[PDB]
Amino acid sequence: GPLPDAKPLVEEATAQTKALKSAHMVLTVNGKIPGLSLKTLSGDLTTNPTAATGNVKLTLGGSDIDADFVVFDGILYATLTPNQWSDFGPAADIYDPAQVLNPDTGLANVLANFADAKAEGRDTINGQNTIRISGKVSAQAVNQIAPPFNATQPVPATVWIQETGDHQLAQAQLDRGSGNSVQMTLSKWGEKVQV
């Protein structure tokens, strides 16, 4: 029918996101973003304490490698060859995955700096009704969650927020122009993450 007002949905999702401890995430890079060699990633993240497990497809020296990865006790491990775990040192020297759910600099900060929010339509995400919402994310909030963006201006964005229930952030995408973008889909909020 009619669409709810986006502004209160965004505010509710902001609050809900700040309280998150854990989630499943699927990250897709569309086109090309300089200094971001990642193509796709799917995994499970928990925080306080930080742990993550999953799989990643990335480009290394011009070859796409499929790898499994684990972040535990501050350290990043990954199978660059199958069943062979390599230790790549402190995760934070590459990207501390806890950043995504940091209430100050993660997804909640993106939501809190999401300007001009406007409800655009309704979409199913992972079996759930969500409201698709356009807006622009501040350069600072974008650079904090995704440094390679190197934004010097507000970044056009789309968020999908659950229409009912908890109003979680279901999906978000940041458009760098020219068919290049990064999108994350969140689900399984509060799941246990063993690792």
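We number the residues from 1 along the sequence you see.
Relative to one another, 30-38 and 158-166 have unequal mean CA B-factors, and 30-38 is the one with the higher figure. For the two regions 122-130 and 60-68, the entry's Cα B-factors average higher over 60-68.
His24: CA B factor lies in the lowest third for its chain, per the PDB record.
Residue-level temperature factors show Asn180 in the highest third of its chain, judged at the C-alpha atom. Among the modelled residues of its chain, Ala92 has a C-alpha B-factor that falls in the highest third, as given in the PDB entry. Among the modelled residues of its chain, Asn150 has a C-alpha B-factor that falls in the highest third according to the deposited record.
Sorting the modelled residues of the chain by their CA temperature factor places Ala115 in the middle third.
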